[PDB]
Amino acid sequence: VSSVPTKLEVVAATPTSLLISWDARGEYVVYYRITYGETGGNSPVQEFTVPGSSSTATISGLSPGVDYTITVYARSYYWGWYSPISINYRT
């Protein structure tokens, strides 16, 4: 029983692509995943995935400036998942 990664920060973009620099204060026995959907659930989900203190990274921004809703995932000792936090602010 806990909380998320924690912080909420895309800063912006290289229009097409985007920054995603979030709270990841150190790592854990860790791993991350980020969702890669917009906000319809139509154009499917995608999975970036990373490790260290590394919620503080960035995407492969694929289309124009439509609403994109993007989650990041905790993981630790028990190979299971702290809690995700998520956000949608898209271009």
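All residue numbers are counted from 1 along the displayed sequence.
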Q) Hey, which bit's got the bigger mean C-alpha B factor in the entry, 34-42 or 49-57? A) 34-42
Q.
Mean CA temperature factor from the deposited coordinates, higher in 16-24 or in 67-75?
A. 16-24
Q | Chain-relative CA temperature factor third for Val1 | A | highest
Q. Once the chain's modelled residues are ordered by C-alpha B factor and cut into thirds, is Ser86 in the lowest, middle or highest one?
A. lowest
